[PDB]
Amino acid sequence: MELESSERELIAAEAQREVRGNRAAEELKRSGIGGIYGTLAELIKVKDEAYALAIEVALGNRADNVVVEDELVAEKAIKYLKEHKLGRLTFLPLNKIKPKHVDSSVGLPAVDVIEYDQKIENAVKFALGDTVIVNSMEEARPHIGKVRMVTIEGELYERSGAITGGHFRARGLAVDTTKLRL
């Protein structure tokens, strides 16, 4: 991230996602259930640090979704979660999950700035396939409700028209600007 504020935002966003979310995905890899690939967070790599915040924001909770071979794998995994009291997960079955697509030239498709195994493409395009990265809130307002957009600084415009904004980074304890304790 170029700006300090952007870097702080990214660290904060990442920290908050860790607190929400459920490490149960790890326990699933010891269930013996085959056909579980992992979370999108484990499967997607950002190609360019300039878009790290945009991709974190555009993935949002989808980062914690678990990619699986099919709906049978999902139902088996859900039984395991229930039996072992491991909370909840969202599963993305490769044969069912519907890819989304960009249908405009408003900006840079988010999928262009990530790397992932072609095998899980349906899951990746479901999460990020119609997301476009734009530079600011100004260059976004005309398309609210018609294009999914994320700004470089981390505002999110769902295609539905839902708008998400504000700082990820918290206020924290105040720190004297004066050097009162050298």
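Counting begins at 1, following the sequence as shown.
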On average, which has the higher Cα B-factor in the deposited entry, 149 to 157 or 129 to 137? 129 to 137
Would you mind comparing 59 to 67 and 25 to 33 for me and telling me which has the higher average C-alpha temperature factor in the entry? 25 to 33
Residue with highest C-alpha B-factor in the PDB entry, from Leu173, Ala162, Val19, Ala13: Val19
Using only modelled residues of the chain, where does the Cα B factor of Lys100 rank: lowest third, middle third or highest third? middle
When the deposited Cα B-factors of this chain's modelled residues are ordered and cut into thirds, is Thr39 in the lowest, the middle or the highest one? middle
Tell me, lowest, middle or highest third: where does the Cα B factor of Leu72 rank within its chain? highest
Based on the deposited C-alpha B factors for this chain, I'd like to know if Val106 is in the lowest, middle or highest third. highest
